[PDB]
Every structure is written in C-alpha cells, then in structure tokens.
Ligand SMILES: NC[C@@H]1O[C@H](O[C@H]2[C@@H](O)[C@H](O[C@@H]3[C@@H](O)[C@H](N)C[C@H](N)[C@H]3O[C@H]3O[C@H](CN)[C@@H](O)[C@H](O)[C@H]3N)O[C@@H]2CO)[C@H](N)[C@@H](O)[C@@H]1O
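Only one chain is shown below, in structure tokens, and it's the form deposited without neomycin (NMY).
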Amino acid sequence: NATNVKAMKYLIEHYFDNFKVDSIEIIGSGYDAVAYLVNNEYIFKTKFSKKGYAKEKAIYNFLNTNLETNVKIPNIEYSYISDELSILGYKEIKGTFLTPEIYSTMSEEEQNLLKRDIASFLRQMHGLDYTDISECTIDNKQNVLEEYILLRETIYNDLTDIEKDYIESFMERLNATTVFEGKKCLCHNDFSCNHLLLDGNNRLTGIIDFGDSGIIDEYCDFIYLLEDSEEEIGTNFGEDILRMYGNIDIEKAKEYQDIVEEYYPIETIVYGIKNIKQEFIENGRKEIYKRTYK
C-alpha cells in the first residue's frame, strides 16, 4: 500500500522529466489498473498490460478537439505507453460523483436539468463525425462470437448441462436479435453514474473514464441508465433521458441492455480464461446457477 505508492511515485518521476511528486494516494483500483491522486491536483491512471491506454488517449484527444460543451472530460497532459506499462495523467475534475442517494435528495427540477444535461452530452457525442478515430470500432456481436469460439476451444466441454444451456440459450437470443443492426457512433461505453460528476448546484460538470469508448451501437450508452440496481438510479431515469435524447427506439435500447446483462456471467468466465484467473471462471459459473434458479 505505502509501497505501492512509492513504486508509482518513482515511475512518474522517472518517465515525466520535471514532474515532482509532493503527495500521492490511491484513489481507485481494479484487477487490471490503479488510479492515483498526485499533488492533490492530478489523476494518474496506470496499467501494467494493446490492452493499454493508446485508444483511450486518442479518444480524449479527439473529444477535446471536437466537442463543444461546458462538461469537462480528462485532458491528457502526460502519457507513457509501452507494451508492459501505460500511464495517463490529467488534471482532476472537481466535483461529487452522482449516486442514487444524492439523486433522491434533488428537487424535481434539479433532476430534470441533470437528465437534460446527460441527454445533451450524449446527443452531441453521438453526433460527431468519427472519421478521425475510425480505427476505434467495437463490434459487440462479433466479439461475443469470438469469445464463444474461445470457450469452445478451452473449457466448454467441462461445463455442466445447466451452464451449457445458459450459454446456448444466450447464443440463440444473440442470433435472433436485431439490436446490433442500428446506428453506430462514438459512445462512452461505460456510462454509469459513478463516472458522472456534479458541481455545487447538482448539475453535470464532468465525465470520466472513456477507457472502453469506441465506435459502437448507439444503444450502448443507455445500458447503465436503464439498469435497475443499488448502484444505478433506475429504469425511469434512463427512460426519461431517452425521451429527451429523442429519435431512438426505447424498446430496442432495453432489449440491448437485457442482452448485455444476460451476457455478464459469460463475459466473466471468458475474462478468467483469457487472464488465467480461475476465480473469475468459478464466479461466472456460480452466477449462472444463481440466475437459473431466480
């Protein structure tokens, strides 16, 4: 922990010539990556990995050049990208992350203005000509098909009948659906309320973590806004945002979300196979049983 910070302080000062670290603390952390707050002013995201930060950096650059908006996003001042190590540094966007608790304290009018701000942001981003980042495409259906092939080549035959049926029933739905055939555009693609920042009037002031962004189905950016869970605000919130956003089939957006949710245990298994992490394989398989029995 105090050791973790030291290594990273060392790396930051080694790769960024005149940068002096006076303070550094961990502010966020997954199984792939760690984020640090440095000098109480800079966020540094770091990853020991093509699975690095080149695309994410290209997207910040494209967005900072082409969006016209008052909503802040990361603006990369420092970067180091190699095969084994990636670092992005940018000034911290100040604010309070949106949560369900906070939303519930807001007045009706505050909630509306927040929704309108979100809809506006998404409309502007989805309307950009993405020619200049055209290499950042993501085909979710094809990705799933390839992940299924990887399953068939590795552990599929050791799975139980219940697990196999869950997977085959998902593949059948994937084959019948039309929700991947609509408009493609640049999406944030991890658009949950823990990535939305509010200012002191409860208005949207910033958006972070475009680390999964790319050119993908328009429906992608409504997946968490439509989610019913403890972490997200609720389906009505997403529905209202969709009405404000306009010119989009809401029932398809919901079908897209439902499909991505059904995929989740399989995505988890596949993550464990690819990263040689048995814990994830086991968790995904257990989750299939939990869903089958509800």
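The first residue of the shown sequence is 1; numbering continues from there.
Another form, the form solved in complex with neomycin (NMY), is not on view; read the next lines as being about it.
Chemist: Give a yes or no on whether each residue among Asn64, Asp132 and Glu135 has a heavy atom within 4.5 Å of neomycin (NMY) in the entry with it bound.
Modeler: Checked in the entry with it bound: no contact with neomycin (NMY) for any of the three.
Chemist: Since exactly one of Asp199, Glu110, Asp139, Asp212 fits, which has a heavy atom within 4.5 Å of neomycin (NMY) in the entry with it bound?
Modeler: Contact residue from the list: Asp212.
Chemist: Please identify the residue among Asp249, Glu239, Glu255, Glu267 with any heavy atom within 4.5 Å of neomycin (NMY) in the entry with it bound.
Modeler: Looking at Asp249, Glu239, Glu255, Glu267 one by one, just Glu267 meets the 4.5 Å heavy-atom criterion.
Chemist: Is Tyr224 near neomycin (NMY)? Define near as a heavy atom within 4.5 Å, in the entry with it bound.
Modeler: It does: once neomycin (NMY) is placed as it appears in the entry with it bound, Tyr224 has a heavy atom within 4.5 Å of it.
Chemist: Determine whether any heavy atom of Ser229 comes within 4.5 Å of a heavy atom of neomycin (NMY) in the entry with it bound, and answer yes or no.
Modeler: It does: once neomycin (NMY) is placed as it appears in the entry with it bound, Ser229 has a heavy atom within 4.5 Å of it.
Chemist: Do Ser192 and neomycin (NMY) come within 4.5 Å of each other in the entry with it bound, heavy atoms counted?
Modeler: Contact check for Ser192: yes, within 4.5 Å of neomycin (NMY) in the entry with it bound.
Chemist: Report the stretch among 100 to 108, 167 to 175, 78 to 86, 184 to 192 that approaches neomycin (NMY) in the entry with it bound to within 4.5 Å, counting heavy atoms only.
Modeler: Careful reading of the contacts points to 184 to 192.
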